[PDB]
């Protein structure tokens, strides 16, 4: 019934936590915190989606160069952050080291498995394992 607060921390090259479960209709406040530990710290991205878009050159790859999600989880989802309210097209949280960002939303009716990932560094963060699984359940 109330606002559920989640925090996702970013490190080189992983999210804590790397798994999260929400219910359709849940009120979520989410903090994304770039805790990049390197010297210097590196920028990290948080984007939730489905259908990995990768580069192609006609030549096969043990690892696909990730560029982003085709389907964005936040497509059409009203977001509130500071004094701003409404949907954000192509919503993504990109942060330098030491920056964080908090926003809230109601979990849209998009049940099933979504992924979160970082595509900075031409997909290198992703390819080094910077991704997580979001499971969306129907409302209780």
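Numbering follows the first chain given and starts at 1.
The PDB entry reports B-factors from which the mean C-alpha value can be compared for 11 to 19 and 118 to 126; the larger average falls on 118 to 126. Mean CA temperature factor is higher for 52 to 60 when stretches 29 to 37 and 52 to 60 are set side by side in the entry. If you compare the C-alpha temperature factors of 88, 106, 65, 95 in the entry, 65 comes out highest.
For residue 70, the recorded CA temperature factor ranks within the highest third of the chain's modelled residues.
Ranked by C-alpha B-factor against the other modelled residues of its chain, residue 113 falls in the highest third.
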